[PDB]
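Report on one structure; see the data block that follows.
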Amino acid sequence: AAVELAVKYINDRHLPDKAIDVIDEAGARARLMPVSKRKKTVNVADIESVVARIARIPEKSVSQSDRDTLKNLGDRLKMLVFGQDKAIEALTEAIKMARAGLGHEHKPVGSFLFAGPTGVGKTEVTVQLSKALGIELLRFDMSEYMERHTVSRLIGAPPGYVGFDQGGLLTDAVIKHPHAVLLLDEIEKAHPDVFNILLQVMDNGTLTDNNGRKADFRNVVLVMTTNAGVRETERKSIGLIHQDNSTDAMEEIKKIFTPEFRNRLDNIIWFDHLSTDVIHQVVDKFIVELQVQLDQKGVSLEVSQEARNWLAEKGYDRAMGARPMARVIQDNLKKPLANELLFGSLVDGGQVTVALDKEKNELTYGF
Amino acid sequence: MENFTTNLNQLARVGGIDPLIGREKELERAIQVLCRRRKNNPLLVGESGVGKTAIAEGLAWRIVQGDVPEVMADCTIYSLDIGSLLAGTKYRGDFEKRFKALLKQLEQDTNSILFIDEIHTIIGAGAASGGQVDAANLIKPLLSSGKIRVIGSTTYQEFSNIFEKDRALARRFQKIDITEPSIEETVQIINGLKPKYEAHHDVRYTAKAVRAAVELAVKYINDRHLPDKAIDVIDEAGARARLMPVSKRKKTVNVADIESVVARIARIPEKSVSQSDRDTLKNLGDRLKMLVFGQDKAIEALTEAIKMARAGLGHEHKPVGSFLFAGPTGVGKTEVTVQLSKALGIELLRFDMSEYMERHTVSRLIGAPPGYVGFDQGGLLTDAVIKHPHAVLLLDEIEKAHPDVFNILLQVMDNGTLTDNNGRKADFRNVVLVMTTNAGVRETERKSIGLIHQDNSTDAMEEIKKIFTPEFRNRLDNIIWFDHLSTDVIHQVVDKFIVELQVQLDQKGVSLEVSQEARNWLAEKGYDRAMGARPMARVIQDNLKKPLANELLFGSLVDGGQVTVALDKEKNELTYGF
Amino acid sequence: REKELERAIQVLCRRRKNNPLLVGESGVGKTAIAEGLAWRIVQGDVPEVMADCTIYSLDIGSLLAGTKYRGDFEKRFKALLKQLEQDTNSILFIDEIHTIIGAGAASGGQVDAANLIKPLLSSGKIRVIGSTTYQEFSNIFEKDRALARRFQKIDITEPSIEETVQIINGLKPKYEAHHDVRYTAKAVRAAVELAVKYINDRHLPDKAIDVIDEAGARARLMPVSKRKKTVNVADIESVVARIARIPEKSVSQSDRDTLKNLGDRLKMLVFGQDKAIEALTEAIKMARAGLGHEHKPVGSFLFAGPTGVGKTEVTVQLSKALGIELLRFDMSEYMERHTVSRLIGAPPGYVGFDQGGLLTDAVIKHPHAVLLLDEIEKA
Ligand SMILES: Nc1ncnc2c1ncn2[C@@H]1O[C@H](COP(=O)(O)OP(=O)(O)OP(=O)(O)O)[C@@H](O)[C@H]1O
Ligand SMILES: Nc1ncnc2c1ncn2[C@@H]1O[C@H](COP(=O)(O)OP(=O)(O)OP(=O)(O)O)[C@@H](O)[C@H]1O
Ligand SMILES: Nc1ncnc2c1ncn2[C@@H]1O[C@H](COP(=O)(O)OP(=O)(O)OP(=O)(O)O)[C@@H](O)[C@H]1O
Ligand SMILES: Nc1ncnc2c1ncn2[C@@H]1O[C@H](COP(=O)(O)OP(=O)(O)OP(=O)(O)O)[C@@H](O)[C@H]1O
Ligand SMILES: Nc1ncnc2c1ncn2[C@@H]1O[C@H](COP(=O)(O)OP(=O)(O)OP(=O)(O)O)[C@@H](O)[C@H]1O
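So the sequences go chain by chain: D, C and B.
For any residue, its number in the entry's author numbering is found by taking its place in the first sequence, counting from 1, and adding 379.
For any residue, its number in the entry's author numbering is found by taking its place in the second sequence, counting from 1, and adding 168.
For any residue, its number in the entry's author numbering is found by taking its place in the third sequence, counting from 1, and adding 190.
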């Protein structure tokens with residue numbers, strides 16, 4: 380098992396030295412293992428532990444709290460991204476499979492194309508996944524790679540040119556944090572010549588930069604969020620029946636990405652629009668965030684449930700997702716609270732209350 | 169080991185080494201690697217200021233403290249000073265002699281450890297133009313035999329570019345990744361380090377002070393790593409507080425002090441509102457409404473965005489405000505933004521987006537990739553924002569740039585960061601992003617056909633929606649549609665222009681007065697709603713400046729006096745004087 | 191510079207990494223900040239802890255002189271750091287600190303001024319003040335992150351107008367002693383304001399000093415019959431207009447006539463089309479008298495009509511009569527949506543980057559000129 384693991388997990392050293400290093404370090408560890416005088420034989424499990432320590436990969440941790448982290452990962456994420464349950468499920472199941480050992484042989488943990496309308500929890504669920512898993516988030520705003528020659532920034536400049544000693548951004552970011560979440564935001568904006576890198580990154584899990592180093596993607600959860608066809612999803616068709624433009628957006632996805640690219644994607648999760656109950660939950664999340672902001676200043680806040688319904692009905696817009704709700708919460712609360720907080724009664728003291736009046740459709744405030 | 173190394177255990181016995189907090193996993197791994205049979209040389213790599221040298225020295229510290237398993241006891245650690253060792257080796261063979269003497273001492277000791285900080289530095293000692301026996305090669309055989317134990321420390325970039333380029337030496341060292349602590353871990357580190365800084369600065373840090381320092385260093389300082397910038401804020405606040413007792417403003421380190429220090433370091437405003445800065449925002453809308461007439465909702469939006477930002481309850485990682493001022497020509501879109509920059513005394517970053525008509529012009533904004541001619545220059549946008557993190561960013565006529573360039577502002581408006589070709593992240597959290605245009609105006613200046621004239625009020629919004637992508641419009645703070653200038657607005661505008669002309673005259677020692685009927689006649693002559701307030705300045709020009717310029721350039725008004733303008737009724741002309 | 195010096199002293203009192211790095215634009219006065227901190231130390235106008243410490247300005251050439259025979263530089267530098275360590279009352283000032291990122295042998299680019307001070311700065315036994323510009327700081331300095339994290343960056347912004355006036359008033363004694371001339375305070379204010387207005391490619395606290403020094407040097411050259419006189423608004427205005435190409439005061443000289451008979455002189459060469467000449471002459475006269483637009487060209491005119499009636503002729507005759515270089519751009523060469531790349535230059539990374547723009551370089555080289563765009567409807 381030591382020889383096999385050093386073969387298929389340690390790819391920067393050669394064979395009759397990395398097996399020897401695994402053996403030597405396992406022996407030294409079992410020699411230091413007698414913190415309770417416990418010296419035994421080196422079994423397969425100890426070798427796997429030493430290897431996972433060397434290659435910087437997650438080991439067999441079902442006996443750890445990681446078991447409980449992965450257990451309630453779906454429910455914990457569902458309390459930060461409301462609706463869009465199928466995407467959270469796909470992400471959590473991919474991460475679980477990768478942890479249980481039933482992963483892919485030489486592929487990244489997952490390579491998902493998060494598509495859907497705007498303002499829905501597309502790029503947000505990835506950040507929350509990186510937070511919940513506690514692993515570093517490698518975010519790459521792919522809208523800066525519109526030029527076909529920006530690949531030199533991703534993988535570095537070739538030998539003989541100015542940017543050689545800088546290296547590639549993506550390869551170096553992966554090499555630093557092999558266990559991470561790769562967020563390639565707004566993937567459709569990059570020049571099509573950039574997808575050809577993700578081709579081999581997804582099919583073979585590796586990437587070679589200019590210095591000849593091998594970037595190992597076998598623990599990276601590759602997530603790309605797009606808006607391909609969003610202009611179509613918001614368009615009202617001609618006719619007596621308004622159509623569902625989701626399959627149109629999927630055909631646009633097919634027209635953007637080459638078949639050999641879409642063929643190795645683990646899933647193309649089409650996010651759906653937010654419903655009214657989802658909007659109510661979004662309003663509640665935003666109010667909680669605002670309350671945290673206020674408590675950072677020593678100011679309390681409570682909002683009558685009817686006022687939250689009023690805010691939801693005022694801001695609800697399915698064609699624009701959950702972003703207009705932040706603007707509505709802003710316009711209705713943050714401005715009055717700011718005027719009270721800067722030069723007003725709210726300096727160095729809070730206990731602000733909010734409620735809706737039914738005759739005038741307004742809000743109440745005060746110390 | 170006489171004058172080339174420093175006995176770390178001796179320095180720890182005199183208390184010269186800061187106490188190591190946590191780092192149990194990394195220390196255990198270092199011990200496991202050290203107790204290997206051969207190639208037992210741990211290599212600590214990680215980002216700058218994550219605690220690599222800290223861990224290496226805390227190893228000797230713990231050895232002196234006895235908090236070590238009973239295998240590393242009595243193993244005194246020596247730190248190597250490459251400069252001191254290379255100082256006097258002027259003649260050939262001397263460096264090799266002293267290095268071999270040091271290696272013999274270490275090998276015969278069989279117990280000491282050599283900690284070579286910045287270990288990427290030993291790949292050159294030779295001078296005879298080649299791949300000489302230099303220290304890199306002089307230690308290669310010993311590591312492969314495990315007779316001596318060496319600890320290294322080098323950053324990720326240094327290790328990746330210089331150290332691991334020598335495969336033979338690299339494979340002899342065991343890499344140990346020192347990741348930056350978490351918020352709780354760095355809180356515990358600062359708690360453990362508190363006695364030293366408290367004795368140094370003679371101040372006391374509250375627990376809330378330490379927590380706020382860590383949180384604010386995580387939020388604002390984004391170019392350094394955790395256990396080095398949090399203690400940076402702490403030590404800076406201590407040094408600042410110790411400079412108060414000379415003015416007898418001595419106290420403990422409260423959260424407000426930490427916030428002031430962080431606002432200073434990040435060059436952002438945090439709590440200056442406690443001073444005479446609340447009044448600055450209080451009359452900000454008023455101070456603008458006397459410089460830009462009409463278009464009041466724009467001033468409301470700008471003032472409220474800045475108020476939410478300064479009060480504290482703004483956006484978390486988004487620009488202070490991202491607005492799209494759309495409206496006809498000459499209604500104050502550029503002017504309100506310029507006067508906003510002037511009122512706050514904050515730097516204005518002006519970008520005429522008509523020079524970005526081509527898709528490939530984005531290299532001007534974010535720089536050229538590695539390997540290309542303009543690499544050493546960097547982007548204009550990112551460098552401007554890095555120099556001025558608290559500023560107003562104005563994108564004139566953004567509809568004139570190639571529609572692909574807005575995808576750059578996508579991440580600027582959503583996440584507030586922008587990465588140029590060197591990996592630097594321009595911070596947009598304190599930038600008032602304003603983009604001006606006349607996109608949907610042409611559709612509103614349309615003459616309908618038929619018996620019934622139809623309302624074209626929604627055509628401007630339709631055109632704006634058809635120009636800017638939905639995922640772009642979805643992250644705008646507000647789209648302030650500007651209205652045309654009315655008659656009374658034209659009166660106020662001609663008054664503003666007359667005041668500017670009067671200042672231009674006062675520069676030359678001249679005075680001017682314009683009758684009220686003369687002002688109304690000026691307002692009547694050049695008023696044109698389709699052209700805004702520029703033709704009014706044009707009419708003021710061709711009516712007053714030309715005759716006044718003739719009087720000034722020739723005779724009469726050289727050091728002139730009170731010039732009086734009055735309107736006739738028989739012909740409706742203007743009168744003048746001296 | 192109370193706040194900058196205050197933050198520098200706060201940094202210099204830190205327990206670790208007490209190394210202020212003064213970074214700002216070129217000509218802002220970071221070197222001046224350091225030398226003035228020294229000068230305040232010699233005068234006792236410093237905080238108590240910052241007394242009794244002497245600032246050493248380190249020069250790389252003097253240290254790097256003759257250091258062949260590998261080891262000589264390392265020995266020199268270790269001896270320097272040793273002598274500096276025993277003080278605890280000495281501060282090292284490196285003027286161009288972005289230049290200490292290499293002194294090692296070319297064989298292996300290695301131990302140098304950088305890798306020899308890292309353990310010293312991180313351990314807080316010595317204190318160093320640095321200075322660099324943004325262009326060098328973001329390209330050379332913050333590439334050794336382990337070295338950048340040891341220095342506390344201090345932004346040195348350029349002063350305001352009145353702050354610059356006070357700086358000029360504080361520096362006036364030495365320039366007056368050097369040139370043996372006197373500057374009136376009104377002339378100083380005018381110098382600062384005109385430097386703000388016209389000198390656009392240099393920063394505030396330096397271009398005003400430049401105007402002052404040049405006015406003094408020239409006023410020392412006027413006394414061909416010993417006509418030593420104090421520098422007033424007029425002479426300083428002329429010195430500024432030397433770069434601005436148009437004096438605002440000097441119009442009362444033998445140039446009021448040129449604007450007086452400009453229209454008749456042009457009508458002597460362009461017959462008919464009188465109102466065009468009227469408009470051009472009136473615009474030039476307004477801009478000369480000082481009623482011009484503070485942020486717009488002297489004029490922006492559209493000449494229309496049938497061909498060959500003197501549209502280009504009036505312009506070329508204007509450029510000749512005013513002694514002004516005619517900048518002609520034929521809009522027949524610009525019939526494509528991608529030719530503006532020759533007007534403003536190509537983006538970085540492209541074949542025509544270092545070539546620069548045509549229109550921009552023309553206007554930069556000829557600040558005072560006439561811009562002619564033939565057949566604007568063709569472009
Ligand atoms: N399903 C959701 N539940 C709760 N909050 C949400 C949801 N979606 C979005 N939000 C909130 O609205 C904001 C936008 O979310 P997000 O960035 O994930 O959408 P997006 O798909 O990336 O937008 P775009 O397509 O324009 O890139 C976030 O601040 C997020 O907190
Ligand atoms: N594990 C730790 N516990 C407590 N404090 C710490 C720890 N690590 C670091 N520090 C503090 O953070 C400071 C800088 O971190 P550290 O010295 O360990 O990294 P470094 O060796 O300087 O890395 P580099 O040389 O590449 O910049 C130290 O002065 C130390 O006081
Ligand atoms: N609402 C206003 N009140 C007073 N003066 C004004 C107003 N608008 C404009 N002006 C004046 O007219 C000039 C042009 O103003 P400005 O450039 O800001 O308009 P604009 O909206 O940007 O036009 P455009 O559509 O071409 O961008 C300025 O000198 C300004 O002083
Ligand atoms: N705060 C100040 N007080 C008095 N005089 C000053 C100040 N700043 C600058 N000066 C003067 O203006 C000139 C420019 O300042 P200074 O020389 O110190 O900057 P610098 O060293 O050229 O910066 P850089 O190296 O980045 O180009 C100096 O001659 C200096 O005497
Ligand atoms: N009003 C005039 N006064 C003097 N000379 C004139 C006049 N009109 C024409 N000409 C003569 O015609 C010649 C060419 O005139 P010009 O170059 O200005 O053409 P234009 O008016 O610019 O029209 P276009 O360039 O579109 O054909 C001049 O050399 C000039 O001698």
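Backbone N, C-alpha and C fix where the C-beta goes; we use that ideal spot for every residue, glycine too.
Original post:
So what's C/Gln325 in DSSP terms, helix, strand or just coil?
Top reply: Counted from its first residue, the second sequence places residue 325 of chain C at position 157. In the structure shown, the three-state DSSP call for C/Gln325 is helix.
Original post:
Using a beta-carbon distance below 8 Å, is C/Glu332 in contact with chain B?
Top reply: Taking the second sequence and counting its residues from 1, the one referred to as residue 332 of chain C is at position 164. Chain B places no beta carbon closer than 8 Å to that of C/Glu332, leaving this residue out of the contacts.
**OP:** Could you check which residue in C/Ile231, C/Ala295, C/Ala380 has the C-alpha nearest to that of C/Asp242?
**Re:** For this step, residue 242 of chain C is matched to residue 74 along the second sequence. Distances from the alpha-carbon of C/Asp242 to those of C/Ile231, C/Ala295, C/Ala380 put C/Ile231 closest.
Subject >> Where residue 177 of chain B sits in the DSSP three-state scheme >> reply: Here chain B has residues from 191 to 569 only, and residue 177 of chain B is not among them.
Subject >> 8 Å Cβ cutoff, D/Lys439 in contact with chain C >> reply: Position 60 of the first sequence, counted from the first residue, corresponds to residue 439 of chain D. Not an interface residue.
Original post:
Where does B/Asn359 sit, in a helix, a strand or coil, going by DSSP?
Top reply: Translated into the one-based positions of the third sequence, residue 359 of chain B becomes position 169. Of the three classes helix, strand and coil, the one that applies to B/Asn359 here is helix, per DSSP.
Subject >> Nearest residue (CA-CA) to B/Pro309, options C/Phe574, C/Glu225, C/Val421, C/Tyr259 >> reply: Taking the first residue of the third sequence as position 1, residue 309 of chain B is located at position 119. Looking at the Cα atoms, C/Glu225 is the closest of the given residues.
Original post:
Going along the segment 523-557 of chain C in order, which residues come within less than 8 Å of chain B, judged by CB to CB distance?
Top reply: Residues of the segment 523-557 of chain C with a C-beta atom less than 8 Å from some C-beta of chain B are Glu523, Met525, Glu526, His528, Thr529, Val530, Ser531, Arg532, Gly535, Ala536, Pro537, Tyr540, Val541, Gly542, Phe543, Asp544, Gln545, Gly546, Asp551, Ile554, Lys555, listed in chain order.
Original post:
Are the beta-carbon atoms of B/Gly542 and B/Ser531 separated by less than 8 Å?
Top reply: Start at 1 with the first residue of the third sequence, and residue 542 of chain B comes out as number 352. Start at 1 with the first residue of the third sequence, and residue 531 of chain B comes out as number 341. Their beta carbons are under 8 Å apart, which means B/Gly542 touches B/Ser531 by this criterion.
Subject >> Rounded distance between the beta-carbons of C/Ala269 and B/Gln200, thought under 8 Å >> reply: Position 10 of the third sequence, counting from 1, holds the residue named residue 200 of chain B. Position 101 of the second sequence, counting from 1, holds the residue named residue 269 of chain C. In fact, because the Cβ distance is near 46 Å, the residues do not count as touching under 8 Å.
Original post:
When the Cβ atoms of the segment 448-464 of chain D are set against those of the segment 560-580 of chain D, are three or more pairs found closer than 8 Å?
Top reply: Cβ pair count under 8 Å is below three, so no.
Subject >> Nonlocal neighbours in the same chain, by C-beta distance under 6 Å from D/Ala385, ignoring five residues either side >> reply: As a working mapping, residue 385 of chain D is identified with position 6 in the first sequence. Answer for D/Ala385: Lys397, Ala398, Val401, listed in chain order.
Original post:
Where does B/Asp464 sit, in a helix, a strand or coil, going by DSSP?
Top reply: By 1-based counting over the third sequence, the position of residue 464 of chain B is 274. Correct three-state label for B/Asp464: helix.
Original post:
Within the 8 Å Cβ cut-off, does C/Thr374 reach chain D?
Top reply: Here residue 374 of chain C refers to the residue found at position 206 when the second sequence is read from its first residue. No - not a single Cβ of chain D is within 8 Å of the one on C/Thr374.
Subject >> C-beta neighbour in chain B for C/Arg432, strict 8 Å >> reply: Along the second sequence, read from residue 1 onward, the residue named residue 432 of chain C stands at position 264. At least one CB atom of chain B sits nearer than 8 Å to the CB of C/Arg432.
Subject >> Contact list for C/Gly591 against chain D, beta-carbon separation under 7 Å >> reply: Position 423 of the second sequence, counted from the first residue, corresponds to residue 591 of chain C. Neighbours of C/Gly591 on chain D, chain order: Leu548.
Subject >> is_contact[C/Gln579, chain D] using C-beta, thresh 8 Å >> reply: Counting from 1 along the second sequence, the entry for residue 579 of chain C is found at position 411. Interface residue, yes.
Original post:
So which residues of chain C does D/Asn718 contact, with C-beta pairs closer than 8 Å?
Top reply: Taking the first sequence and counting its residues from 1, one reaches residue 718 of chain D at position 339. Correct list: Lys475.
Original post:
Counting contacts by CB-CB distance shorter than 8 Å, is C/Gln356 in contact with chain B?
Top reply: Within the second sequence, residue 356 of chain C is the residue found at index 188, counting from 1. Between C/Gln356 and chain B, the shortest Cβ-Cβ separation is not below 8 Å.
**OP:** Kindly list the residues whose CB is nearer than 8 Å to the CB of C/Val499, restricted to its own chain and excluding five residues on each side of it in sequence; keep chain order.
**Re:** Stepping through the second sequence from its first residue, residue 499 of chain C is reached at position 331. Here C/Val499 has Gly462, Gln463, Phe650, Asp651, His652, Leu653, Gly700, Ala701 as same chain residues with Cβ atoms under 8 Å from its own Cβ, once five neighbours each way along the sequence are excluded.
Original post:
Shortest alpha-carbon distance to B/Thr289 belongs to which of B/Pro395, B/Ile534, B/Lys333?
Top reply: Position 99 of the third sequence, counted from the start, is the residue given in the question as residue 289 of chain B. Ranking the options by Cα distance to B/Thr289, first place goes to B/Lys333.
Original post:
Taking the alpha carbon of B/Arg205 as the point to measure from, which residue in C/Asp403, C/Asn359, C/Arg641 has its own alpha carbon closest?
Top reply: Position 15 of the third sequence holds residue 205 of chain B. Looking at C/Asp403, C/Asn359, C/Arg641, the one whose alpha-carbon comes closest to that of B/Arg205 is C/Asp403.
Original post:
Quick one: which chain D residues come within Cβ less than 7 Å of C/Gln300?
Top reply: One-based indexing of the second sequence puts residue 300 of chain C at position 132. Per Cβ cutoff of 7 Å: no residues; C/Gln300 is ~23 Å from chain D at best.
**OP:** Name, going along the chain, the residues of the segment 463-474 of chain C whose beta-carbon falls closer than 7 Å to a beta-carbon of chain B.
**Re:** Those residues of the segment 463-474 of chain C that come within reach of chain B (Cβ to Cβ, closer than 7 Å) do not exist; the list is empty.
**OP:** Please name the residue in D/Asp564, D/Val600, D/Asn590 whose C-alpha comes closest to that of D/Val580.
**Re:** Indexing the first sequence from 1 puts residue 580 of chain D at position 201. Sorting D/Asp564, D/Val600, D/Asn590 by C-alpha distance to the C-alpha of D/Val580 places D/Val600 at the top.
**OP:** Step through the CB atoms of chain C and report whether any lies within less than 8 Å of the CB of D/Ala398.
**Re:** On the first sequence, residue 398 of chain D is found 19 positions in, with the first residue counted as 1. Between D/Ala398 and chain C, the shortest Cβ-Cβ separation is not below 8 Å.
**OP:** Provide the residue span of the alpha helix (DSSP H) that contains D/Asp396, from first to last.
**Re:** The residue you call residue 396 of chain D lines up with position 17 of the first sequence. Where D/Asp396 is concerned, the enclosing alpha helix (DSSP H) starts and stops at 394-411.
Original post:
Any heavy atom of ligand 2 within a distance shorter than 7 Å of the CB on C/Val504?
Top reply: The sequence position of residue 504 of chain C within the second sequence is 336, counting from 1. No, ligand 2 has no heavy atom inside 7 Å of this Cβ.
Original post:
Can you give the beta carbon distance from C/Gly480 to D/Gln675, rounded, assuming they're within the 8 Å contact cut?
Top reply: Residue mapping note: residue 480 of chain C aligns to position 312 of the second sequence, counting from 1. Residue mapping note: residue 675 of chain D aligns to position 296 of the first sequence, counting from 1. The C-beta distance from C/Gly480 to D/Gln675 rounds to 7 Å, short enough to fall under 8 Å.
Original post:
Looking at B/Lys501 and ligand 5, is the gap between the Cβ and the nearest heavy atom below 7 Å?
Top reply: Within the third sequence, residue 501 of chain B is the residue found at index 311, counting from 1. Short note on B/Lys501: C-beta closer than 7 Å to some heavy atom of ligand 5.
Original post:
Relative to the C-alpha of D/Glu468, which residue among D/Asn451, D/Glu484, D/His483 is closest?
Top reply: Start at 1 with the first residue of the first sequence, and residue 468 of chain D comes out as number 89. When only C-alpha atoms are compared, the closest one is D/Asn451.
Original post:
What is the rounded straight-line gap between the Cα of C/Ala304 and the Cα of B/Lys258?
Top reply: Taking the second sequence and counting its residues from 1, one reaches residue 304 of chain C at position 136. Taking the third sequence and counting its residues from 1, one reaches residue 258 of chain B at position 68. About 21 Å.
**OP:** Using a Cβ cut-off of 8 Å (strictly closer), state whether D/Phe636 contacts chain C.
**Re:** The residue labelled residue 636 of chain D in the question sits at position 257 within the first sequence. So, not an interface residue.
Original post:
Where in the segment 337-387 of chain C do unbroken runs of the alpha helix (DSSP H), each at least 4 residues long, occur, reported from the N-terminal end onward?
Top reply: Positions of the alpha helix (DSSP H) runs, each at least 4 residues long and wholly inside the segment 337-387 of chain C, are given as 351-369, 375-387 in order along the chain.
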